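One structure is given here, and the rest of the page talks about it.
For neighbour counting, all protein chains shown are included, and Cβ atoms are generated from backbone atoms with ideal geometry for every residue, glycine included. We did not get these values from a lab; they are worked out from the coordinates using the rules stated.
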Amino acid sequence: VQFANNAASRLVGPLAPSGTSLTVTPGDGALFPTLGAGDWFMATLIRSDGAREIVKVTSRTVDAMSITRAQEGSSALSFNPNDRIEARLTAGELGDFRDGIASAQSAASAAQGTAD
Amino acid sequence: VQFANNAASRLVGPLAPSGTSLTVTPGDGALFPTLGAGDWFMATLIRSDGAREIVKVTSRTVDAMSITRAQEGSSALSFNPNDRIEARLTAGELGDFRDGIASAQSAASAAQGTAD
Amino acid sequence: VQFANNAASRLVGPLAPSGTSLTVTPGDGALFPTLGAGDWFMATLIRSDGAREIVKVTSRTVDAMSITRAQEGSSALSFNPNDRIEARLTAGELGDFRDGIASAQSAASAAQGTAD
Amino acid sequence: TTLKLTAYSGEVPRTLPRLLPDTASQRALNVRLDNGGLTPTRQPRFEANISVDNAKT
Amino acid sequence: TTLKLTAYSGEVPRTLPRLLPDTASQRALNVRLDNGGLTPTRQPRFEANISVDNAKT
Amino acid sequence: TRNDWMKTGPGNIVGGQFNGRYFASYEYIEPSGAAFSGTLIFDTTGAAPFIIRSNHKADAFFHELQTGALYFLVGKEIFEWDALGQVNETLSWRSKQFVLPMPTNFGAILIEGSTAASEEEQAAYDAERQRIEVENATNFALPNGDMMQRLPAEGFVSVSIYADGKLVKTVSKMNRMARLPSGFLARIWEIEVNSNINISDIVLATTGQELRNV
Amino acid sequence: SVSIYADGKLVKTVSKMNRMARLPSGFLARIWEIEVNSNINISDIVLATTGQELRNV
Amino acid sequence: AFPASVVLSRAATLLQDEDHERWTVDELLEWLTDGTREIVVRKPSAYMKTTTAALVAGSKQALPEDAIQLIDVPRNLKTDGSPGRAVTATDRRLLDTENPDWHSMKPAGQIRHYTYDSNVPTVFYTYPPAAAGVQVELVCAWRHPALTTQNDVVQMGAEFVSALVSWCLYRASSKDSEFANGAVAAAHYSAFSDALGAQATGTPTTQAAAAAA
Amino acid sequence: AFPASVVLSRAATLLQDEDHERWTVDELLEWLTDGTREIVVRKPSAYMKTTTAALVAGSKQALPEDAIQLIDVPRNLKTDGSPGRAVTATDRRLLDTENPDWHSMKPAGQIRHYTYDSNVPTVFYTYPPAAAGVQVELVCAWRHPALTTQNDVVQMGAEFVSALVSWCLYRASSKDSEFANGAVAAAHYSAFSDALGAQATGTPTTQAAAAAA
Amino acid sequence: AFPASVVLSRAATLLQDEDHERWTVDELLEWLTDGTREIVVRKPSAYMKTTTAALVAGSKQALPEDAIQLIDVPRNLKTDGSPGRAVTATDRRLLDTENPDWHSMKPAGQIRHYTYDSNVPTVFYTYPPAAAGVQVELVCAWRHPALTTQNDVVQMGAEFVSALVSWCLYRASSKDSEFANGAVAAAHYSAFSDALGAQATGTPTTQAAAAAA
C-alpha cells in the first residue's frame, strides 16, 4: 500500500456517483505516487462544502485516475468538475498497521511455540 | 487503540483543569469511534488560541465520554465552553507502531534461534 | 526513527542548500524531540511561499540540529532566516512501516518453516 | 587572545575571508548598518495587489 | 580608571551610544557649546502678542 | 570579483533605489540545479563601500519619489520595504574568519544590547498579535481545521560560533557572560549573529578574567 | 604543490594542506624564495623554523 | 559524608558556569573523585574506615583491592559478633630467620601477629597462618570508588570538601592554560596544598612523610 | 553567637555588591559555612562543643559523625544528671599486649579509660567496654553543619567574624568574572591567614601546630 | 585496576582536544604506558608483583625479563601449592671467600639464601644452587607491558591516575606544534614531580631515596 506526500489535485473531469475513473489536472498527475499493478493508495475526495468521500486508487495512467468507491463506507455522491484529491485516510491505514503489528507478534509467538 | 476519522466536536460543557469526563455536541458524538472495554482513542483538544492539550478517551457512552488527562505530557489546562476535539496524535500511536515492529522482528529472531 | 509532536519553529539561521546544520528559535528548541545516538526525526522545512524541502535531523544539541540534505528526493533550495520547520512527511516512515510489517510476517513465516 | 566585534560593517566579497577588514563580515543579510550595530530590517507590508500576471514594470 | 569630561560636544543620534566620540553626548538640551563648556541658554522673553489665532507665518 | 558578478548575472538584474542605495534583485541557477534568490543592495556612502544582502526577491521595483519607500512586486503583490509598523525581521551576520595567531578556545561571551523598548516595535508587535488572534479566530470557526493556529512571534538573540567550520554552540543569554563548549581547539574562528532585536557588541575571551582586561 | 628554493636549489615540494609540513634539514641558506603551484586557490603560506615559532605568528 | 551535589555547586559557582556547559557534570564529578583519591593519598587521616575482611588459607594475605595501605590491624574478629582477640604488628625477617617454614605451620583459629611492609602495599603476612576464612577488621587507606552521579555521596570529612573544591579549581583551570600561562591554575594548586598543609587535626602533611604511624 | 546576617552584610560591603545581585546570598552563606569549617580546622579552639553521647556496647566506639576530632573526654556521665567518674587517656597497644582479649572482657557500667589515635579520627576505643549505652561527655572540634538562611545563627565566637569575612572575600573574588579580582583574592587569603595567625588567645597556629594537648 | 579509557578521557579533557584528533588515541596510550613505567621507576611501591618463577638449575639465576628490580624473595615455594621454606638475603662475596666452589656443589631441592646486587639488576644468585627448576615467590618492581587499546586495563593503583595524567600532559604538550604549549609542559612536569613527592603512603621519594628495604 503506497502512500502520497502533499498532493492536491483539481478533479477536472466530472465524476458520476457510479464512476470508474476520474481525471486529475495535467500538472498534478506526476505529483501523486507512481503506483503499479497490485499497489494502491487511498485518497479523500473533498467536494465543495463539507462533503468528503474516500476512494481507492487501483492505478494511474498519466493524468487519468482509475478509482473505486466506498472503501471506508462513505456513500457515493455525484461530483462537480471542481473538487480536491488530497490527504490520506488515517482510519484504514492505521487500523491496518495495528492489525499487522499484532499479527506479526502472534505469528512470532506461534513460531516460538512450534520451536519449543 | 482504535483510531478516529474526520471527527471534530465542540466541548460544550466547560472543562476543569482536573476533569473526569467530556461532553461533545449531541450530533457529532456518534462520529467518534464507539470503542469497547479497555479500548481507547487519543483525542486532541485545540482550545482558543494556540494552546492544545492531549487526552485519552477510555470509553464513550451515548454523547459523553470519560476522559483521562496528561498522556503525552501536555500541561493540564482549563477549557472554555467552546472547544475543538479532533485529530490523531503522531507521537504516541506511531511510537507504539515503531516499538511493535521492533518487538516483532526481535521475537521472530528469538523464535528462529530457539528453532536452531 | 523518532517522531515529533506539535513542533513548529522558525529557522533563525540562513540555511544554505549545502548546509550541515540549522538553528531554530531558542524557545522552540526543546520542543523538538531530544533524539539520541543513531536516532533521527523527519522535519519539513516550509519556507515562504509554496516551496518546501524534506530532510531528517541526524542529531541535535541545545538549539542547533545537524541535518542531512535532499534525502527523500526534494531538491536542495536556499532558505530565508524566516522559515518554518514543523510537521512530519508521510512517505518515508510509512513506507518503512509497511515494509517492516511485511518483513516481520516473512521472518515469522520462515520461522515456522524452519520449525517444521 | 580576546577578539572584539564592534562598529560592524557590511560584506566585501572581493576579499579572502581571512583578509577582510577587522569589522567587515560575510553575509550581511537583512541588516541595516547605521548606528554601528545590528539593527534589524522590518517586514514588508502588503500594500496592494497587481492585476495582470508577469509584471516587469 | 579615570573618565574625564572636558570640551563637551553635541549630540549625534546616528551612532550607538557606546560608540559616540569621547566628548559627544546624548540629549544636549538647552546648551550652547561655544567655549567648550556647558553654557546655559537664556530664557525667552515675551516681546509682543499676535492678533489672529493659528498663525503659521 | 568578475566571477561573483558574472555568476550573479547582469542580464536579469532588477534594479531599485532606496536612500541612495542601488537595490539589485538576483535569481540565478547554480550548476547541479541549486537556486539562489536574494537582493543585493549597494551603498557607496561611507569610508568604504560594502554589500548588504537581503532575501526578498522582487519581480520589479518602483521607487515612489514623493514618499521615499520602495514598492517591489513579489507574488503578484506590492510590498513596501521595511515600512513602519511591522515586526523586525530576522538578521543574519556572519563575522570575518578570525585566524588567531595561537590556536585557542574561548570561554567568555558578552552579548550586549537592549530588549525592545522604543514602543514602536512594541506597537508593531501588538498589531502582529492582533493579526494572529484574528487569523486564529477565523481558522477556529472552520467547518474542522487541523493544525493552523500559528504561534505568535518573539524577540530573541541567537549567536552561533563556528569553531573551524563547525557550529559548536548557540548562545541566547544577553547582557551577561556566557560560555562556549570545550574539548575543541581551533584557530580559524568566525561568529554568526541571528536575532530579531539589535545587538550592541560581542566580545570573546578564553577566561572571564581576560574578559575583565577588555 | 609548493616548491622551496633554499639558495637557488629546490629542496622540497610539499603537498599537504591545512596541516603543518616539514622541509628538509642540514642545509643553511639566507636568500630564500617560495614557489607555489596548484590547480586550486590557496589562502596563505607561512614559514617558521619550529612549530612553536609558528604558534607565535 | 557530604554528597557530590554540594561540591559540584561550589565548583560551578567559582567558575562562572552554573548550568555546566564548559565543564559538564560528568567531568566535574571525575575531578571530584580524582581529588578524593589524591587527598586520601596526601593525608591518610581524611578517609579511614575499619572493614571486616576474611583471610584466605595460608600465611600470605592480600588486602582489599581498593585500599592504598593498611595502617593498623587492631582486632581479630572472632566468629559472628564476638570481637575476639587483638593483633599486634611484628617483623617478617625475624619470623623468617628462625622457624624458616613458618608458612607451613599448622593454621590457627585466630591470627596473633601480622607483618606489613610499606614497600609492598598489597601484601601483608599473618602469623600464625589463617584458617578457613577468619575475618579481621582492617584499618586501611581505602580509595573512594567513583562519583558517577551528582546525588552520589562522598564519605569523606566535611572540610576536605573545600579541599576538593580547590583541587577541582586546579583541574578545571588548567584547561584554559593559555591565560597567564597557567598562573591561576598554579595559584589554585598552591592554595590547595596550603589548605591541606595547615590541617592541624589530621595527619600532618607538612612534617616528614609517613612519619606518623 | 552572631547570626550569619551580619557577615553577609560585611561581605556585601567589601565586594562592591550590596544588593547581592551577582554574589547571591546563597553563595555568600556557602562561603560563610566553608569559612566556619576552615577556621575550625586551622584553629580547633574556634568551635569545641561538649556533647553527651551514648556509647554502643563494646570496646569499639565511633565519634559523632559531625565532629572532626575529639580532644578530651572529661567526665563519664552517670545515669540521669549525675556527672559521674572522670576518664583519662591511655595507650591502645599496651591494652592489646596485656589482656589480649580485652574486647571480650565483661562490660562495665562506667568506662574508665579511652584510647584515641589522631590517624583514625572516627574511632576511639573505651576501657572497659561500655554497657547499656552509657553516655560520656565528649569535647570535640565540632563542625558547623550549614548556613541555610540569612537569619541562621553561627555558634562560633564573634572573634572570627573578620576571618569569615576574609575567607568569603577570598572565595568570592576568585570567581571567573569581570566583577571579581585575582590579586585581591590572593591578598585576602593572606589576610585571613595573618588574622588567624595573630589569634593570641586561642590555640596557636603559627608557632606551635597540632601540639596542643 | 582502572582501565586506560578513564585516563585517556582525562588527557582528552585537559588538552582542549576531546575528539582525539590532534593527539591520537594510540599516542595518548603510548604516553600512558610511558607514565606507568616512569611511576614504577620513581616509586617502586606503585607496582610490585609477586611472581612465582622457576629457577634454572645452578647458582646463577636471571630475574624475569619484565621486572625492574627484585625487592624481596619471601617464600621458597614447595612443590604444588605448599608455600614451603622462606629465603633470607646474604652476602655474595663471603659466599665466594668461604667454599669457593659453592657453584659446583650438590644442588638443593629448596634454595636457602639469595644474593642480589643493585648494580646488576638482571642477575641474582641462589644458595644452594636450585634443582629441577624449583619455583620461588619473587617480589619485584614489575614493568607494565603496554597499552595497546583504549579499554586495556592498567594494573597499578587508581591513586596514581593524577600522576599519569600529569605525565601524559607533559609529554603531549611538549609536541612541536601550534596546539601544544611549552611553559604548560614545564609546569605539568613540575606538577607530576610534586604529586609523586607528596605520596605519603608508598615509598618516599623526596626525603629518602633508594634507601627503602
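Evaluate the following for H:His144: is it within 29 Å of J:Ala141 (Cβ to Cβ) and either assigned to a loop (DSSP other than H, G, I, E, B) or within 14 Å of chain J (Cβ to nearest Cβ) (or both)? So H:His144 fits the description; yes. Within the stretch H:1-21, being assigned to a loop (DSSP other than H, G, I, E, B) and either away from chain F (no Cβ under 14 Å) or buried (at least 21 other Cβ atoms within 10 Å of the Cβ) (or both) holds for H:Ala1, H:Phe2, H:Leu15, H:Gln16, H:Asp17.
When the stretch F:74-126 is limited to residues that are hydrophobic (A, V, I, L, M, F, W, C) and in a loop (DSSP other than H, G, I, E, B), the one that is nearest to D:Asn54 (Cα to Cα) turns out to be F:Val74. Annotation note: Cβ proximity below 8 Å between a residue of the stretch B:8-19 that is acidic (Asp, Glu) and a residue that is part of a loop (DSSP other than H, G, I, E, B) (sequence gap 6+ or interchain) occurs for no pair. I:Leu77 meets all of the listed conditions (1) within 13 Å of chain H (Cβ to nearest Cβ); (2) over 30 Å from I:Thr149 (Cα atoms) but one, namely (1). Answer with yes or no whether J:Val165 is crowded, with 22+ Cβ neighbours inside 10 Å, within 22 Å of the chain's Cα centre (by Cα) and not in a loop (DSSP other than H, G, I, E, B). Here the answer is yes, as J:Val165 does meet what is asked.
Taking the criterion of being buried (at least 19 other Cβ atoms within 10 Å of the Cβ) and closer than 22 Å to I:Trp167 by Cβ, the residues of the stretch H:172-192 that qualify are H:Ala172, H:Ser173, H:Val184, H:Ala185, H:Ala187, H:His188, H:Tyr189, H:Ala191, H:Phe192. If a residue must be over 22 Å from A:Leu31 (Cα atoms) and within 17 Å of the chain's Cα centre (by Cα), how many such residues does the stretch C:63-83 contain? Count: 8.
For the stretch B:59-91, a tally of residues being among the polar types (S, T, N, Q) and either closer than 18 Å to F:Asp146 by Cβ or in a loop (DSSP other than H, G, I, E, B) (or both) returns 7.
Rundown of residues vs (1) farther than 30 Å from H:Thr79 by Cβ; (2) aromatic (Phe, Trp, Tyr); (3) more than 14 Å from chain H (Cβ to nearest Cβ), yes/no style:
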| residue | (1), (2), (3) |
| --- | --- |
| I:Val40 | yes, no, no |
| I:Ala54 | no, no, yes |
| I:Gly58 | no, no, no |
| I:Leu63 | no, no, no |
| I:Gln69 | yes, no, no |
| I:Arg92 | no, no, no |
| I:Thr115 | no, no, no |
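If you check B:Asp99 against the conditions, is it surrounded by fewer than 14 Cβ atoms within 10 Å (Cβ to Cβ), within 13 Å of another protein chain (Cβ to nearest Cβ) and not in a loop (DSSP other than H, G, I, E, B)? When the stated conditions are applied, B:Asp99 passes them. Per the listing H:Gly58, H:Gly84, the residue uniquely surrounded by fewer than 21 Cβ atoms within 10 Å (Cβ to Cβ) and either under 29 Å from J:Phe192 (Cα atoms) or more than 16 Å from the chain's Cα centre (by Cα) (or both) is H:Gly58. Of all residues in the stretch F:42-73, those satisfying the criterion of being surrounded by fewer than 17 Cβ atoms within 10 Å (Cβ to Cβ), at the interface with another protein chain (Cβ under 10 Å from one of its Cβ atoms) and not in a strand (DSSP E or B) are F:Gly46, F:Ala47, F:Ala48, F:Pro49. Can you name the residue in the stretch B:30-51 that is more than 14 Å from chain A (Cβ to nearest Cβ) and either polar (S, T, N, Q) or surrounded by 18 or more Cβ atoms within 10 Å (Cβ to Cβ) (or both) and, of all such residues, is farthest from F:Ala153 (Cα to Cα)? Taking the candidates together, the pick is B:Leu45. Count of the stretch I:34-52 residues, restricted to those that are of a type in the set (S, T, N, Q) and either crowded, with 24+ Cβ neighbours inside 10 Å or in a loop (DSSP other than H, G, I, E, B) (or both), is 1. Condition first: out of contact with any helix residue (DSSP H, G or I) (no Cβ under 9 Å at 6 or more places or on another chain) and either away from every other protein chain (no Cβ under 14 Å) or over 19 Å from H:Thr50 (Cα atoms) (or both). Can you find one or more residues in the stretch I:148-157 that meet it? Within the stretch I:148-157, none of the residues are out of contact with any helix residue (DSSP H, G or I) (no Cβ under 9 Å at 6 or more places or on another chain) and either away from every other protein chain (no Cβ under 14 Å) or over 19 Å from H:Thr50 (Cα atoms) (or both). Across the stretch D:9-40, the number of residues qualifying as within 7 Å of another protein chain (Cβ to nearest Cβ), in contact with a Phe, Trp or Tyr (Cβ under 8 Å, 6 or more places away or on another chain) and not aliphatic (A, V, I, L, M) comes to 7. If you go through the stretch F:140-171 and keep only what is part of a loop (DSSP other than H, G, I, E, B) and under 26 Å from D:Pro17 (Cα atoms), you end up with F:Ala163, F:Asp164, F:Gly165, F:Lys166.
Can you find, within the stretch H:100-113, the residue that is farthest from the other protein chains (Cβ to nearest Cβ) among those that are in contact with a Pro (Cβ under 8 Å, 6 or more places away or on another chain) and closer than 24 Å to H:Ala141 by Cα? The qualifying residue farthest from the other protein chains (Cβ to nearest Cβ) is H:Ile111. Of the residues making up the stretch C:52-74, those that are over 20 Å from A:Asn6 (Cβ atoms), surrounded by fewer than 17 Cβ atoms within 10 Å (Cβ to Cβ), of a type outside the set (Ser, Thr, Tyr) and more than 10 Å from chain F (Cβ to nearest Cβ) number 0. Just one of (1) part of a loop (DSSP other than H, G, I, E, B); (2) farther than 21 Å from C:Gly13 by Cβ; (3) of a type outside the set (S, T, N, Q) fails for F:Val203. It is (1).
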